[PDB]
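Asker: This one is query-v9.json, JSON, C-alpha atoms.
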[["chain", "number", "residue", "atom", "x", "y", "z"],
["A", 1265, "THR", "CA", 2.80, -3.48, -3.72],
["A", 1266, "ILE", "CA", 1.98, -2.80, -0.07],
["A", 1267, "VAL", "CA", 0.79, 0.67, 0.90],
["A", 1268, "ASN", "CA", -0.01, 0.16, 4.61],
["A", 1269, "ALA", "CA", 1.37, -3.04, 6.13],
["A", 1270, "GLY", "CA", -1.31, -3.13, 8.81],
["A", 1271, "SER", "CA", -0.65, -6.00, 11.19],
["A", 1272, "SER", "CA", 1.05, -8.12, 8.52],
["A", 1273, "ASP", "CA", 4.75, -8.90, 8.09],
["A", 1274, "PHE", "CA", 5.27, -6.96, 4.85],
["A", 1275, "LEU", "CA", 7.06, -3.63, 4.48],
["A", 1276, "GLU", "CA", 5.96, -0.14, 3.38],
["A", 1277, "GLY", "CA", 6.90, -0.41, -0.29],
["A", 1278, "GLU", "CA", 7.80, -4.04, -0.92],
["A", 1279, "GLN", "CA", 6.62, -5.96, -3.98],
["A", 1280, "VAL", "CA", 5.03, -9.35, -3.29],
["A", 1281, "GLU", "CA", 2.88, -12.04, -4.88],
["A", 1282, "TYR", "CA", -0.82, -11.21, -5.01],
["A", 1283, "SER", "CA", -1.92, -14.73, -4.02],
["A", 1284, "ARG", "CA", 0.39, -14.64, -0.99],
["A", 1285, "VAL", "CA", -1.27, -11.39, 0.12],
["A", 1286, "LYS", "CA", -4.69, -12.99, -0.37],
["A", 1287, "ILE", "CA", -3.72, -16.01, 1.75],
["A", 1288, "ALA", "CA", -2.19, -13.84, 4.48],
["A", 1289, "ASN", "CA", -5.28, -11.63, 4.64],
["A", 1290, "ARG", "CA", -7.55, -14.69, 4.77],
["A", 1291, "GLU", "CA", -5.52, -15.97, 7.72],
["A", 1292, "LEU", "CA", -5.43, -12.63, 9.56],
["A", 1293, "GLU", "CA", -9.18, -12.13, 9.15],
["A", 1294, "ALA", "CA", -9.67, -15.33, 11.19],
["A", 1295, "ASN", "CA", -7.69, -13.99, 14.18],
["A", 1296, "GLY", "CA", -9.55, -10.68, 14.58],
["A", 1297, "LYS", "CA", -6.73, -8.52, 13.23],
["A", 1298, "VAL", "CA", -6.06, -6.11, 10.34],
["A", 1299, "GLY", "CA", -4.45, -7.16, 7.07],
["A", 1300, "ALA", "CA", -2.30, -5.21, 4.64],
["A", 1301, "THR", "CA", -3.67, -2.92, 1.94],
["A", 1302, "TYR", "CA", -2.10, -3.18, -1.49],
["A", 1303, "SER", "CA", -2.12, -1.95, -5.08],
["A", 1304, "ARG", "CA", -1.92, -4.11, -8.19],
["A", 1305, "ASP", "CA", 0.93, -3.87, -10.69],
["A", 1306, "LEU", "CA", 1.11, -4.35, -14.45],
["A", 1307, "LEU", "CA", 4.23, -5.97, -15.90],
["A", 1308, "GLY", "CA", 5.27, -6.88, -19.42],
["A", 1309, "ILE", "CA", 5.50, -10.54, -20.34],
["A", 1310, "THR", "CA", 9.31, -10.49, -20.39],
["A", 1311, "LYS", "CA", 9.41, -8.61, -17.08],
["A", 1312, "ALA", "CA", 6.70, -10.81, -15.56],
["A", 1313, "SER", "CA", 8.34, -14.09, -16.59],
["A", 1314, "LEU", "CA", 11.74, -13.20, -15.08],
["B", 962, "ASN", "CA", -23.09, 11.71, -20.21],
["B", 963, "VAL", "CA", -24.67, 14.84, -21.68],
["B", 964, "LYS", "CA", -25.00, 18.34, -20.20],
["B", 965, "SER", "CA", -26.46, 20.72, -22.79],
["B", 966, "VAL", "CA", -28.63, 23.83, -23.20],
["B", 967, "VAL", "CA", -31.05, 25.13, -25.84],
["B", 968, "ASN", "CA", -29.93, 28.11, -27.93],
["B", 969, "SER", "CA", -31.98, 30.85, -29.61],
["B", 970, "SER", "CA", -32.88, 28.78, -32.69],
["B", 971, "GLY", "CA", -34.21, 25.95, -30.49],
["B", 972, "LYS", "CA", -31.20, 23.74, -31.22],
["B", 973, "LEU", "CA", -29.21, 22.05, -28.46],
["B", 974, "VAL", "CA", -25.58, 22.96, -27.75],
["B", 975, "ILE", "CA", -23.67, 20.52, -25.54],
["B", 976, "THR", "CA", -21.36, 21.64, -22.73],
["B", 977, "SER", "CA", -20.24, 18.16, -21.60],
["B", 978, "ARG", "CA", -17.00, 16.46, -22.62],
["B", 979, "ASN", "CA", -18.10, 12.81, -22.68],
["B", 980, "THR", "CA", -21.44, 13.10, -24.50],
["B", 981, "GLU", "CA", -22.26, 9.92, -26.41],
["B", 982, "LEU", "CA", -24.93, 9.43, -29.08],
["B", 983, "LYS", "CA", -26.59, 6.12, -29.93],
["B", 984, "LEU", "CA", -29.24, 4.65, -32.22],
["B", 985, "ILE", "CA", -31.73, 2.33, -30.49],
["B", 986, "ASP", "CA", -34.45, 0.65, -32.53],
["B", 987, "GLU", "CA", -37.92, -0.41, -31.39],
["B", 988, "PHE", "CA", -36.50, -3.72, -30.12],
["B", 989, "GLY", "CA", -34.16, -1.89, -27.73],
["B", 990, "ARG", "CA", -30.77, -2.86, -29.18],
["B", 991, "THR", "CA", -28.01, -0.35, -29.92],
["B", 992, "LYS", "CA", -26.92, -0.32, -33.55],
["B", 993, "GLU", "CA", -24.76, 2.79, -33.96],
["B", 994, "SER", "CA", -22.65, 4.77, -31.48],
["B", 995, "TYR", "CA", -20.88, 8.11, -31.93],
["B", 996, "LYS", "CA", -18.94, 10.65, -29.87],
["B", 997, "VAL", "CA", -19.82, 14.35, -29.75],
["B", 998, "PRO", "CA", -17.22, 17.07, -29.02],
["B", 999, "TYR", "CA", -17.60, 20.04, -26.67],
["B", 1000, "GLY", "CA", -19.98, 22.51, -28.30],
["B", 1001, "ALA", "CA", -21.90, 20.61, -30.98],
["B", 1002, "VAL", "CA", -25.32, 21.64, -32.29],
["B", 1003, "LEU", "CA", -27.99, 18.94, -32.37],
["B", 1004, "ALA", "CA", -30.56, 18.67, -35.16],
["B", 1005, "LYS", "CA", -32.90, 16.36, -33.21],
["B", 1006, "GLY", "CA", -33.64, 16.05, -29.51],
["B", 1007, "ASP", "CA", -33.10, 12.99, -27.35],
["B", 1008, "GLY", "CA", -35.55, 10.17, -28.03],
["B", 1009, "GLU", "CA", -36.87, 11.73, -31.25],
["B", 1010, "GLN", "CA", -37.45, 9.02, -33.85],
["B", 1011, "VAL", "CA", -35.36, 9.70, -36.97],
["B", 1012, "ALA", "CA", -35.07, 8.25, -40.46],
["B", 1013, "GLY", "CA", -31.99, 7.10, -42.36],
["B", 1014, "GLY", "CA", -29.32, 9.26, -43.95],
["B", 1015, "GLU", "CA", -29.98, 12.47, -42.01],
["B", 1016, "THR", "CA", -27.36, 14.60, -40.27],
["B", 1017, "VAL", "CA", -28.12, 14.89, -36.55],
["B", 1018, "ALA", "CA", -25.24, 16.98, -35.18],
["B", 1019, "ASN", "CA", -22.70, 19.49, -36.50],
["B", 1020, "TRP", "CA", -19.74, 21.24, -34.88],
["B", 1021, "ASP", "CA", -16.53, 23.14, -35.60],
["B", 1022, "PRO", "CA", -13.40, 20.94, -35.65],
["B", 1023, "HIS", "CA", -10.86, 23.74, -36.18],
["B", 1024, "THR", "CA", -11.83, 25.72, -33.07],
["B", 1025, "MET", "CA", -12.95, 24.88, -29.54],
["B", 1026, "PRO", "CA", -15.89, 27.07, -28.44],
["B", 1027, "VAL", "CA", -16.02, 28.57, -24.95],
["B", 1028, "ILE", "CA", -19.80, 28.93, -24.67],
["B", 1029, "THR", "CA", -21.72, 30.79, -21.97],
["B", 1030, "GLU", "CA", -24.64, 29.01, -20.32],
["B", 1031, "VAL", "CA", -26.43, 32.21, -19.28],
["B", 1032, "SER", "CA", -27.67, 35.26, -21.19],
["B", 1033, "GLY", "CA", -26.85, 38.87, -20.34],
["B", 1034, "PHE", "CA", -24.08, 41.44, -20.55],
["B", 1035, "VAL", "CA", -20.33, 40.78, -20.78],
["B", 1036, "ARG", "CA", -17.84, 42.87, -18.80],
["B", 1037, "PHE", "CA", -14.08, 42.52, -19.18],
["B", 1038, "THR", "CA", -12.60, 41.83, -15.75],
["B", 1039, "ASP", "CA", -8.84, 42.34, -15.33],
["B", 1040, "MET", "CA", -8.64, 43.86, -18.82],
["B", 1041, "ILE", "CA", -5.58, 46.11, -19.14],
["B", 1042, "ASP", "CA", -4.43, 47.05, -22.63],
["B", 1043, "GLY", "CA", -0.75, 46.48, -23.35],
["B", 1044, "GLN", "CA", -0.31, 43.86, -20.60],
["B", 1045, "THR", "CA", -3.08, 41.28, -21.10],
["B", 1046, "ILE", "CA", -4.39, 41.65, -24.68],
["B", 1047, "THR", "CA", -3.63, 43.40, -27.96],
["B", 1048, "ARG", "CA", -5.73, 45.50, -30.34],
["B", 1049, "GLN", "CA", -5.46, 44.36, -33.96],
["B", 1050, "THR", "CA", -7.36, 45.91, -36.87],
["B", 1051, "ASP", "CA", -7.55, 43.85, -40.06],
["B", 1052, "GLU", "CA", -6.88, 45.31, -43.50],
["B", 1053, "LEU", "CA", -9.39, 43.35, -45.62],
["B", 1054, "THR", "CA", -12.41, 42.26, -43.57],
["B", 1055, "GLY", "CA", -12.61, 45.27, -41.26],
["B", 1056, "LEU", "CA", -14.37, 43.17, -38.59],
["B", 1057, "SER", "CA", -11.90, 42.60, -35.76],
["B", 1058, "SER", "CA", -11.68, 42.85, -31.98],
["B", 1059, "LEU", "CA", -9.27, 42.20, -29.11],
["B", 1060, "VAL", "CA", -6.78, 39.32, -29.28],
["B", 1061, "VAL", "CA", -5.74, 37.78, -25.96],
["B", 1062, "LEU", "CA", -2.04, 36.93, -25.76],
["B", 1063, "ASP", "CA", -0.27, 34.59, -23.32],
["B", 1064, "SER", "CA", 2.47, 34.75, -20.69],
["B", 1065, "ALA", "CA", 5.12, 33.77, -23.24],
["B", 1066, "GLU", "CA", 3.99, 36.84, -25.24],
["B", 1067, "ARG", "CA", 3.01, 39.45, -22.64],
["B", 1068, "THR", "CA", 5.49, 41.18, -20.34],
["B", 1069, "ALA", "CA", 5.85, 40.73, -16.59],
["B", 1070, "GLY", "CA", 3.13, 43.34, -16.07],
["B", 1071, "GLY", "CA", 0.45, 40.86, -17.13],
["B", 1072, "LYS", "CA", 1.99, 37.84, -15.42],
["B", 1073, "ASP", "CA", 0.31, 38.85, -12.14],
["B", 1074, "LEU", "CA", -3.04, 39.55, -13.85],
["B", 1075, "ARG", "CA", -5.61, 37.07, -15.17],
["B", 1076, "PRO", "CA", -7.85, 38.55, -17.90],
["B", 1077, "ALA", "CA", -11.37, 37.17, -17.76],
["B", 1078, "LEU", "CA", -14.96, 37.83, -18.85],
["B", 1079, "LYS", "CA", -17.79, 38.19, -16.34],
["B", 1080, "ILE", "CA", -21.52, 37.83, -17.04],
["B", 1081, "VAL", "CA", -23.95, 40.33, -15.52],
["B", 1082, "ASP", "CA", -27.47, 41.61, -16.14],
["B", 1083, "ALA", "CA", -28.83, 44.98, -17.23],
["B", 1084, "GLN", "CA", -28.79, 45.85, -13.51],
["B", 1085, "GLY", "CA", -25.00, 45.48, -13.28],
["B", 1086, "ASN", "CA", -25.07, 42.68, -10.69],
["B", 1087, "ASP", "CA", -23.74, 39.14, -10.97],
["B", 1088, "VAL", "CA", -25.94, 36.63, -12.80],
["B", 1089, "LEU", "CA", -25.26, 33.48, -10.80],
["B", 1090, "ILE", "CA", -25.28, 30.24, -12.76],
["B", 1091, "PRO", "CA", -28.63, 28.50, -12.10],
["B", 1092, "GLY", "CA", -28.37, 25.71, -9.55],
["B", 1093, "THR", "CA", -25.04, 26.99, -8.19],
["B", 1094, "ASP", "CA", -23.85, 29.93, -6.08],
["B", 1095, "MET", "CA", -20.49, 31.07, -7.45],
["B", 1096, "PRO", "CA", -20.56, 34.00, -9.90],
["B", 1097, "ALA", "CA", -20.39, 33.41, -13.64],
["B", 1098, "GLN", "CA", -16.95, 34.42, -14.90],
["B", 1099, "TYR", "CA", -14.55, 32.65, -17.25],
["B", 1100, "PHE", "CA", -10.78, 33.15, -17.37],
["B", 1101, "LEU", "CA", -9.58, 33.76, -20.92],
["B", 1102, "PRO", "CA", -6.67, 31.48, -21.90],
["B", 1103, "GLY", "CA", -3.92, 32.60, -24.22],
["B", 1104, "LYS", "CA", -4.24, 32.92, -27.99],
["B", 1105, "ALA", "CA", -8.01, 33.44, -27.76],
["B", 1106, "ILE", "CA", -9.48, 36.04, -30.12],
["B", 1107, "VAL", "CA", -12.20, 38.05, -28.38],
["B", 1108, "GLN", "CA", -14.96, 38.85, -30.87],
["B", 1109, "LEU", "CA", -17.63, 40.71, -28.88],
["B", 1110, "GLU", "CA", -16.46, 43.98, -27.34],
["B", 1111, "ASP", "CA", -17.70, 45.33, -24.02],
["B", 1112, "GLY", "CA", -21.38, 46.25, -24.04],
["B", 1113, "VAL", "CA", -22.45, 43.50, -26.47],
["B", 1114, "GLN", "CA", -25.26, 41.32, -25.15],
["B", 1115, "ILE", "CA", -24.84, 37.54, -25.33],
["B", 1116, "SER", "CA", -27.05, 34.47, -24.95],
["B", 1117, "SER", "CA", -26.68, 30.73, -24.45],
["B", 1118, "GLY", "CA", -25.16, 29.15, -27.54],
["B", 1119, "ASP", "CA", -23.04, 32.17, -28.48],
["B", 1120, "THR", "CA", -19.31, 31.70, -29.12],
["B", 1121, "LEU", "CA", -18.27, 33.71, -26.07],
["B", 1122, "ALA", "CA", -14.71, 32.71, -26.94],
["B", 1123, "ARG", "CA", -13.00, 30.74, -29.70],
["B", 1124, "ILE", "CA", -9.76, 28.80, -29.18],
["B", 1125, "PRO", "CA", -8.10, 27.57, -32.40],
["B", 1126, "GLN", "CA", -6.41, 24.15, -32.23],
["B", 1134, "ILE", "CA", -0.36, 4.15, -34.53],
["B", 1135, "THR", "CA", 1.75, 1.29, -35.91],
["B", 1136, "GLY", "CA", -0.42, -1.77, -36.50],
["B", 1137, "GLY", "CA", 0.62, -5.32, -37.26],
["B", 1138, "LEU", "CA", 2.82, -7.65, -35.24],
["B", 1139, "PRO", "CA", 4.83, -4.87, -33.50],
["B", 1140, "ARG", "CA", 1.57, -3.36, -32.23],
["B", 1141, "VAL", "CA", 0.65, -6.68, -30.58],
["B", 1142, "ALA", "CA", 4.16, -7.02, -29.16],
["B", 1143, "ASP", "CA", 4.02, -3.51, -27.69],
["B", 1144, "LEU", "CA", 0.57, -4.18, -26.22],
["B", 1145, "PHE", "CA", 1.76, -7.36, -24.51],
["B", 1146, "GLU", "CA", 5.02, -5.81, -23.31],
["B", 1147, "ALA", "CA", 3.09, -2.85, -21.80],
["B", 1148, "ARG", "CA", 5.33, -0.19, -23.31],
["B", 1149, "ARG", "CA", 4.55, 3.40, -22.36],
["B", 1150, "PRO", "CA", 3.54, 5.49, -25.40],
["B", 1151, "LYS", "CA", 5.72, 8.34, -26.61],
["B", 1152, "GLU", "CA", 3.27, 11.12, -25.67],
["B", 1153, "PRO", "CA", 0.69, 9.59, -23.32],
["B", 1154, "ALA", "CA", -2.68, 11.09, -22.49],
["B", 1155, "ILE", "CA", -2.87, 12.89, -19.16],
["B", 1156, "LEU", "CA", -5.63, 11.49, -16.95],
["B", 1157, "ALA", "CA", -7.44, 13.03, -13.99],
["B", 1158, "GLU", "CA", -5.57, 11.68, -10.97],
["B", 1159, "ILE", "CA", -8.45, 12.49, -8.59],
["B", 1160, "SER", "CA", -11.90, 14.04, -8.90],
["B", 1161, "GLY", "CA", -12.27, 17.65, -7.80],
["B", 1162, "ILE", "CA", -12.41, 21.26, -8.90],
["B", 1163, "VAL", "CA", -9.38, 22.31, -10.92],
["B", 1164, "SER", "CA", -7.18, 25.42, -10.78],
["B", 1165, "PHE", "CA", -3.74, 26.64, -11.84],
["B", 1166, "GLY", "CA", -0.61, 27.87, -10.09],
["B", 1167, "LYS", "CA", 2.66, 29.58, -11.06],
["B", 1168, "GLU", "CA", 3.98, 28.92, -14.57],
["B", 1169, "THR", "CA", 7.58, 29.88, -13.80],
["B", 1170, "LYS", "CA", 10.28, 28.53, -16.16],
["B", 1171, "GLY", "CA", 9.07, 25.83, -18.58],
["B", 1172, "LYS", "CA", 6.11, 24.13, -16.91],
["B", 1173, "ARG", "CA", 2.54, 24.82, -15.81],
["B", 1174, "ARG", "CA", 1.06, 23.66, -12.50],
["B", 1175, "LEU", "CA", -2.40, 22.14, -12.13],
["B", 1176, "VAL", "CA", -4.20, 21.78, -8.80],
["B", 1177, "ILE", "CA", -7.17, 19.52, -8.07],
["B", 1178, "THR", "CA", -9.19, 19.92, -4.87],
["B", 1179, "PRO", "CA", -12.10, 17.63, -3.95],
["B", 1180, "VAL", "CA", -15.21, 19.48, -2.84],
["B", 1181, "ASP", "CA", -15.73, 17.19, 0.18],
["B", 1182, "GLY", "CA", -12.45, 15.30, 0.57],
["B", 1183, "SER", "CA", -8.74, 15.82, 1.20],
["B", 1184, "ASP", "CA", -8.22, 19.14, -0.56],
["B", 1185, "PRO", "CA", -4.52, 19.19, -1.59],
["B", 1186, "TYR", "CA", -3.38, 17.66, -4.87],
["B", 1187, "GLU", "CA", -1.18, 19.17, -7.59],
["B", 1188, "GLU", "CA", 0.60, 18.09, -10.76],
["B", 1189, "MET", "CA", 3.11, 19.58, -13.19],
["B", 1190, "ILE", "CA", 2.62, 19.75, -16.95],
["B", 1191, "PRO", "CA", 4.95, 20.74, -19.81],
["B", 1192, "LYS", "CA", 3.21, 23.99, -20.65],
["B", 1193, "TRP", "CA", 3.58, 23.37, -24.41],
["B", 1194, "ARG", "CA", 0.84, 20.71, -24.14],
["B", 1195, "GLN", "CA", -2.77, 21.45, -25.07],
["B", 1196, "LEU", "CA", -5.43, 21.07, -22.37],
["B", 1197, "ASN", "CA", -9.09, 20.32, -23.08],
["B", 1198, "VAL", "CA", -10.40, 21.48, -19.69],
["B", 1199, "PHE", "CA", -11.35, 24.80, -18.10],
["B", 1200, "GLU", "CA", -10.44, 26.22, -14.70],
["B", 1201, "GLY", "CA", -14.08, 26.36, -13.59],
["B", 1202, "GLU", "CA", -15.09, 22.73, -14.16],
["B", 1203, "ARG", "CA", -15.02, 19.87, -11.67],
["B", 1204, "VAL", "CA", -13.67, 16.62, -13.10],
["B", 1205, "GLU", "CA", -14.24, 12.91, -12.51],
["B", 1206, "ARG", "CA", -11.54, 10.46, -11.46],
["B", 1207, "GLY", "CA", -10.01, 8.89, -14.55],
["B", 1208, "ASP", "CA", -11.33, 11.57, -16.91],
["B", 1209, "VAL", "CA", -9.15, 12.90, -19.72],
["B", 1210, "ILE", "CA", -7.28, 16.14, -19.03],
["B", 1211, "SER", "CA", -5.10, 16.05, -22.16],
["B", 1212, "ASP", "CA", -5.69, 14.09, -25.36],
["B", 1213, "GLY", "CA", -3.41, 11.25, -26.39]]
When written as structure tokens, how does the structure in this file appear?
Answerer:
Amino acid sequence: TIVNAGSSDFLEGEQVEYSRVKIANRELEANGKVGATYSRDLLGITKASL
Amino acid sequence: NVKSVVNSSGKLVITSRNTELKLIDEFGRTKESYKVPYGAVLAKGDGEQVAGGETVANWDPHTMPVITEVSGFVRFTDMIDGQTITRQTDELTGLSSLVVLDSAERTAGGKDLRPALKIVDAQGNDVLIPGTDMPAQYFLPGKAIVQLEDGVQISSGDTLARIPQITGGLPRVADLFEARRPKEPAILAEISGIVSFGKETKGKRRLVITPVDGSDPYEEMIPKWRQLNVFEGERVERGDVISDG
């Protein structure tokens, strides 16, 4: 979940894929900009698989 | 994770919550590990070689001890009879003292007053806790039976106050993997900082945590019918236990 979108495209409280955030931050670090800060989430197996 | 002090008998009484005891042999490998509550008395010091089958620490499980670190005189600050405490005289033992009540027992007269005990010297001035600067006083929580009246000298290791007190199987694994919240979860320290209280109006109590060198404001609400294992004078660590569960 994003906490401060920085210079990225994400929102204030949107839930996203962690690997997508990693890729976006890796890209933004190569253009001299600021990525988005985030917090991890824990989901149950039924909730994570849906 | 130990913070203790020697008492009169030379034994060690521990004032830290997360004190852990271990057995390490001459080869350097841990073999036994144990947890020690707040206020246990140690038979042997740290690093003292011991033999087998010997008790090394004892404590009281039925009562939490509020233990003073310093030695001196006790004076009752904010001590008004009939609004903060009660005077009870037993009929068999004949050895009784003041009993501190709580907000749900005292009237509105004591709801604006916080009974507490302050530690001074024979000179009547504050005995500051060594290494710190704030004066040594402790706010008495409810349902605590005061034992030592005013004018009774104390010392480190004295019971300055006494506070009386899973499924298993396949469903346990299923609940672990589904990440189900427990019925009565433990309350954790949201952030590290010195703790304090607020206004207990209606059916909740308010906690406040303020970092010493950070962003001061942070508060939480607690159902006031829940036991707390922390004091209003102690600074906590982030992630530390505030309530058991």
Asker: Box time for range 1300-1308 of chain A: axis-aligned, enclosing all its listed atoms, 5 Å extra on each side; report centre and edge lengths in Å to one decimal, as JSON.
Answerer:
{"center_x": 0.8, "center_y": -4.4, "center_z": -7.4, "size_x": 18.9, "size_y": 14.9, "size_z": 34.1}
Asker: Do me a favour and pick out the residues of chain A within 10 Å of chain B, using all atoms listed in the file, as a list in words.
Answerer: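 Per the criterion, chain A yields residues 1306, 1307, 1308, 1309, 1310, 1311 and 1312 of chain A.
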Asker: Could you work out how far CA of residue 1009 in chain B lies from CA of residue 974 in chain B, giving the answer in Å with one decimal?
Answerer: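 Rounded to one decimal, the two atoms are 16.3 Å apart.
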Asker: Hey, can you check how far CA of residue 1207 in chain B sits from CA of residue 1189 in chain B?
Answerer: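 CA of residue 1189 in chain B lies at a distance of 17.0 Å from CA of residue 1207 in chain B.
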Asker: Residues within 10 Å of residue 1267 in chain A, please, as a PyMOL selection string. Count all atoms listed in the file; anything in the same chain fewer than 6 positions from it doesn't count.
Answerer: chain A and resi 1274-1278+1300-1303
Asker: Go ahead and dump the residues you just picked, C-alpha atoms, as an mmCIF file, in the coordinates of the input.
Answerer:
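Written out: again17.cif:
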data_model
loop_
_atom_site.group_PDB
_atom_site.id
_atom_site.type_symbol
_atom_site.label_atom_id
_atom_site.label_comp_id
_atom_site.auth_asym_id
_atom_site.auth_seq_id
_atom_site.Cartn_x
_atom_site.Cartn_y
_atom_site.Cartn_z
ATOM 1 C CA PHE A 1274 5.270 -6.960 4.850
ATOM 2 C CA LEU A 1275 7.060 -3.630 4.480
ATOM 3 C CA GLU A 1276 5.960 -0.140 3.380
ATOM 4 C CA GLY A 1277 6.900 -0.410 -0.290
ATOM 5 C CA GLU A 1278 7.800 -4.040 -0.920
ATOM 6 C CA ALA A 1300 -2.300 -5.210 4.640
ATOM 7 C CA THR A 1301 -3.670 -2.920 1.940
ATOM 8 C CA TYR A 1302 -2.100 -3.180 -1.490
ATOM 9 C CA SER A 1303 -2.120 -1.950 -5.080
#
Asker: When you count only C-alpha atoms, which of these residues is closest to residue 1150 in chain B: B:1108, B:964, B:1096, B:1213?
Answerer: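 So, comparing all the options, the nearest one is B:1213.
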Asker: Please compute the CA of residue 1069 in chain B-CA of residue 1048 in chain B distance, one decimal, in Å.
Answerer: 18.6 Å
Asker: Would you pick out the contacts of residue 1111 in chain B at 9 Å or less, using only C-alpha atoms, so that residues sharing its chain but fewer than 6 positions from it are not included, and give the list as a ChimeraX atom specification?
Answerer: /B:1034-1037
Asker: Ranking B:1158, B:1172, B:1057, B:1179 by minimum distance to residue 1209 in chain B and counting all atoms listed in the file, which one comes first?
Answerer: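 Of B:1158, B:1172, B:1057, B:1179, the one nearest residue 1209 in chain B, counting all atoms listed in the file, is B:1158.
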Asker: Considering all atoms listed in the file, return as a count of residues only whatever protein or nucleic-acid residues lie within 12 Å of range 989-1003 of chain B, sequence-local ones (same chain, fewer than 5 positions apart) excluded.
Answerer: 51
Asker: Taking only C-alpha atoms into account, which of B:1167, B:1079, B:1072, B:1149 comes nearest residue 1045 in chain B?
Answerer: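 Using only C-alpha atoms, the shortest distance to residue 1045 in chain B belongs to B:1072.
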Asker: From the set B:1005, B:1159, B:1192, B:1042, which residue has the shortest atom-to-atom contact distance to residue 1176 in chain B, counting only C-alpha atoms?
Answerer: B:1159
Asker: For residue 1280 in chain A, which of A:1268, A:1313, A:1298, A:1305 is the closest residue, counting all atoms listed in the file?
Answerer: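 The answer is A:1305, which sits nearest to residue 1280 in chain A.
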